[PDB]
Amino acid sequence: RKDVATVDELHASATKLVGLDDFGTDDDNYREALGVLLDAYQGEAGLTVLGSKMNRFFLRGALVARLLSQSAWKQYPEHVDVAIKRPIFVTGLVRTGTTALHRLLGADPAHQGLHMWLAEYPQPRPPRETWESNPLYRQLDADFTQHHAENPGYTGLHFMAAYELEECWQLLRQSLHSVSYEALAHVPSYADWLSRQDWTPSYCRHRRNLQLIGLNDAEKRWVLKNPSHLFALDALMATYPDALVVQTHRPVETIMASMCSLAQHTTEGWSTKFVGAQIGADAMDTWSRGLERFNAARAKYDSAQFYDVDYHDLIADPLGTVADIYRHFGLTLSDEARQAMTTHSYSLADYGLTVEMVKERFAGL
């Protein structure tokens, strides 16, 4: 029916799929998170048969990923000795240039990013030249090319190339702590609960996963990108004290409609509640909280570890912006890095909003 599933059922389904049953300890409070999220989906998300099927798939997927990481850590205990030095974290709203920046900073040969297939299947990153011959990479690469050929994007989910860089929610979902959920469904009870949580345990797990995935590239600086960093800066800094954080900026009133339209099209047919004006209301709340929380938390840290990028200064000149980011953080921009780097309608009214409402809610953000 329209029910998603129970906590026990999800664990059982995850184990049924891969045969693993060690979900690790509950030090990241993933069980409570999952329960709160399930209660939200089944009590207020207004999910359809399709919506329930999709979220059941996504939640089982999060637990399967959790199982894979737990097993990987046992297979590679030496991951604990991997030091993560001065990692770069990119964050900001969708449609503000985070993806472009992520790809640019992650293009530096001396840097490393979260490749999609590794986020889907946590394990030490094999040498690049071996991927096309790797059973798991080919396996995942096949799924993409397949689902892609099926429906050329639009109307529903959206996958990514196996070799492309993924966002941190792909790792944080293992702890069921993510702001992705409230941006794809009407789950205010979960959004509220999450706003009161200490993200530190989830970021500690995030780090353990970076240690594992980066086991063969210990000398490379990690580059991450994800919307959660706006909401969990304290946890981020507690886990990565020497982090270099870059925030993208763009007047929200110029992208709110686009943000809602993206959510609408991605989740089309999944719910009778998360549509139109409700998407607008939820987005206004989620992102104003994210930007406000980032500003509030950022004040207590050394400004030398932060950089603000304007979408307009970025688009005009990508390499110049990146060069200034490196300069600001005292990083050397190599020649190889530069080369690698050089390589109907919708409206606010559709979502029950006015430009005045957006400028007001995001005043100073």
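Start at 1 and count along the sequence shown; that's the residue number.
Count the deposited residues lacking coordinates between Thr343 and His344 and you get 10 or more of them.
In this crystal structure, the stretch out of 328 to 336 and 36 to 44 whose C-alpha atoms carry the higher mean B factor is 328 to 336.
Of the two segments examined, 199 to 207 and 90 to 98, it is 90 to 98 that shows the higher average Cα temperature factor in the deposited entry. Of the candidates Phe159, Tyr240, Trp287, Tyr181, the PDB record gives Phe159 the highest C-alpha temperature factor.
Note on the listed residues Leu262, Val252, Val80, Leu194: the highest Cα temperature factor in the record is that of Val80. Per the PDB record, residue ranking by Cα B-factor puts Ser175 in the lowest third of the chain.
In the PDB entry, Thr145 places in the highest third of its chain by CA B-factor. Looking at the C-alpha B-factors along this chain, the one for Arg128 belongs to the middle third. In the PDB entry, a CA B factor belonging to the middle third of its chain's modelled residues is recorded for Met54.
For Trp117, the recorded CA B-factor ranks within the middle third of the chain. Only modelled residues enter the ranking.
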